[PDB]
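K.L.:
Pasting the sequence and an experimental structure:
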Protein chains: 2
Amino acid sequence: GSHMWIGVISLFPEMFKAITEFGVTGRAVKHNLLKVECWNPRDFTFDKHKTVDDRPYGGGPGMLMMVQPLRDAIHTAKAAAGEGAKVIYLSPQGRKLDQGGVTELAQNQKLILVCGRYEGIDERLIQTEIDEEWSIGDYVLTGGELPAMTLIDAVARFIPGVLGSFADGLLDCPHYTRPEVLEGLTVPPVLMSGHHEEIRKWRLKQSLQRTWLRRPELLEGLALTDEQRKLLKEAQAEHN
Amino acid sequence: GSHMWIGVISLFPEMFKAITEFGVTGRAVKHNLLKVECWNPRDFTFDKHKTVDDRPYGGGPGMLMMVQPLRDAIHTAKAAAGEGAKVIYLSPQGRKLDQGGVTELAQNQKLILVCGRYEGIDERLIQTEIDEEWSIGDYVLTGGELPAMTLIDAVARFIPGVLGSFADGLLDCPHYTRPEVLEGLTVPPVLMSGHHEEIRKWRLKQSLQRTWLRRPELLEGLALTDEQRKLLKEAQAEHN
Ligand SMILES: NC(=O)c1ccc(NCc2ccccc2O)nc1
Ligand SMILES: NC(=O)c1ccc(NCc2ccccc2O)nc1
């Protein structure tokens, strides 16, 4: 229906088996809700040793991805995607991914994800080939593959049919399952009460309290409902 | 030497092949700089159908991980790790991972990473079994495996021997490799000059400018050197 095609450019395409063969994303792939298609720059080399890296001008300790195989791999993915595919580069210099950003990217029916290795890719390729640069967080990894897979997994959840408290901007409430007592610790009685409205308000209150204690800046981004304002006040009063 | 042991609790241990079999982390594993060891809660079930999920008290659409197999898997990993292993739970409610946080976690010789699935794990297990809760970013994924792999990859880079501009808190400068001209776009002459000190100052200036334009809040966290203050001022003047 609202299926998604994701093209991937990567020197290690077999890494993507982690999402295409397992769990909820693996089911999405098998049910044709999600298609992940990989192109390896190594297949676009012409020298005997299939060289995919190159030295940076100006010197420095690191290598970059070699332009010609990377560029040809990208052009080949773009031709397969046809019109309307947004090309994304994963890097620490990119726009910081968050849930609102995930819902934005989920609007695209087609994506091409370029996974950098070594010190990354030539700046002029970013200018000529990349539409948007994104980061999954403020840390450095050995490659863009885990960030690409993270992005795929996150947007996959918004494909209808893929799934069987972040939505209103709060951290999740605590959850409990069997047994009723675990190392002396009991389940909050309200969760046993069967009183659906009390349970809803307890969970909402807990989410508000948790967000306030752990991530108070997230509250500032919100326009709380009357009910949310009440429950948050009660929680802060009980904490005091 | 300063090798690292990482125990992993996961319903999909084969996902970790993505880091243990490929690239720089795969080399780290083969060279015994990094050891990743997985325990699957499914192996700790006793019923015919090997059930690893359970219903949450209070109702709700989701499932949680079943306590008994998860708990037994964790205890088994802890016994293998011996003393000094810090147990980490990956979740959106956790401390936000950044590079300074990565360098903190990299101090541990032993880690145990618990990967949640479904709606996560019982709150009382977090209290009784988990030392620290971490998030790789403000978004929701289908499982804690990609966050665990992200964390492993990031800390792996600080293991001596694993590697062959974030360090001073700035975004990276632009990088260029062959060819000298790419779709009309030329390499900045300074990078061709062989003038090492000019090249260093150009790169530093670019990093400062890039950080200022894309991530100005990161600059506020820094105490800039005289040189950095000068180059940033020049860059802002040239932008104006
Ligand atoms: N925070 C991130 O989203 C992220 C993305 C990619 C990455 N490493 C590959 C790479 C390294 C350096 C430059 C460009 C690159 O593509 N590490 C972290
Ligand atoms: N931002 C993160 O680090 C992150 C970690 C785990 C995750 N999903 C598994 C899971 C989902 C919900 C609750 C607990 C859980 O363990 N999604 C994102």
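P.N.:
Done, it's in. Residues are numbered from 1 along each chain as shown, chains lettered A, B, ... in the order given. Ligands and ions are numbered 1, 2, ... in the order given.
K.L.:
How many residues are close by the spatially closest residue to residue A:108 that is not a sequence neighbour?
P.N.:
For residue A:108, ignoring the flanking residues on the chain, the nearest one in space by CB to CB, 6 or more residues apart in numbering or on different chains is residue A:86 at 5.1 Å. Quick note: C-beta positions are derived from backbone N, CA and C, even for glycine. Applying other CB atoms under 10 Å in any protein chain shown, we find 16 residues neighbouring residue A:86.
K.L.:
Show the backbone phi and psi for residue A:86.
P.N.:
phi -90, psi 130 (degrees, to the nearest 10).
K.L.:
hang on, isn't it packed against residue A:111?
P.N.:
Yes - Residue A:86 is within contact range of residue A:111, at 5.7 Å (criterion: CB atoms under 8 Å).
K.L.:
Helix, strand, or coil at residue A:61?
P.N.:
coil (DSSP: H, G, I helix; E, B strand; the rest coil).
K.L.:
hang on, the earlier thing: what about the residue nearest to residue A:108, distance to chain B?
P.N.:
18 Å (CB to the nearest CB, to the nearest Å).
K.L.:
where's that residue relative to residue B:214, distance?
P.N.:
Residue A:86 sits 19 Å away from residue B:214, going by CB to CB, to the nearest Å.
K.L.:
go on, residue A:186?
P.N.:
Residue A:186 is 49 Å from residue B:214, by CB to CB.
K.L.:
Which one's more surrounded, those two?
P.N.:
residue B:214 (15 against 12).
K.L.:
Which residues are in contact with that one?
P.N.:
Residue B:214 is in contact with A:93, B:171, counting by CB atoms under 8 Å, 6 or more residues apart in numbering or on different chains.
K.L.:
Count the neighbours of residue A:31 for me.
P.N.:
12.
K.L.:
let me fix that: residue A:79
P.N.:
Neighbours around residue A:79, by other CB under 10 Å: 9.
K.L.:
again with residue A:169
P.N.:
17.
K.L.:
so what's it closest to, chain neighbours aside?
P.N.:
residue A:222 is the one closest to residue A:169 (CB to CB, 6+ apart), at 5.1 Å.
K.L.:
ok, now residue A:199?
P.N.:
residue B:58 (4.6 Å).
K.L.:
so the one you found makes contact with residue A:198?
P.N.:
No - contact status for residue B:58 versus residue A:198: not in contact, 9.4 Å apart, counting by CB under 8 Å.
K.L.:
residue closest to the middle of chain A?
P.N.:
Centroid-nearest residue in chain A: residue A:151, 3.0 Å away (criterion: CA atoms, centre = their mean).
K.L.:
which residues touch the residue nearest to residue A:199?
P.N.:
A:176, A:190, A:191, A:192, A:199, A:202, A:203.
K.L.:
Next, the buried residues of the longest helix that chain A contains.
P.N.:
What stands out as the longest helix in chain A, according to DSSP state H, is helix A:196-214. By neighbour count with 16 or more other CB atoms under 10 Å in any protein chain shown, helix A:196-214 contains the buried residues A:199, A:201-212.
K.L.:
and of these, the nearest to chain B?
P.N.:
residue A:199 (4.6 Å; CB to the nearest CB).
K.L.:
For the closest one, give its distance to residue A:11.
P.N.:
Taken as CB to CB, the span from residue A:199 to residue A:11 is 50 Å.
K.L.:
Endpoint to endpoint, stretch A:118-130 covers what distance?
P.N.:
Across stretch A:118-130, the straight-line distance between its terminal residues is 18 Å, by CA to CA, to the nearest Å.
K.L.:
scratch that, stretch A:187-202 is what I was asking about
P.N.:
13 Å.
K.L.:
what's the offset of it from the middle of its chain?
P.N.:
32 Å (CA atoms, centre = their mean, to the nearest Å).
K.L.:
Double-check residue A:125 against residue A:72; I have them as touching.
P.N.:
No - applying CB under 8 Å as the test, residue A:125 and residue A:72 come out as separate, 11.4 Å apart.
K.L.:
So which of these two has more stuff around it?
P.N.:
Taking other CB under 10 Å, residue A:125 and residue A:72 do not tie; residue A:125 has more neighbours (24 against 16).
K.L.:
other SSEs contacting the helix or strand harbouring that one?
P.N.:
If you go by DSSP states H and E, residue A:125 is part of helix A:123-129. Applying 3 or more CB pairs under 8 Å, 6 or more residues apart in numbering or on different chains; DSSP states H and E, we find helix A:123-129 packed against helix A:67-81, strand B:181-182, strand B:185-186.
K.L.:
List the strands paired with the second one, with their directions.
P.N.:
Looking at strand B:181-182 with DSSP bridges, its paired strands and their directions are strand B:185-186 (antiparallel).
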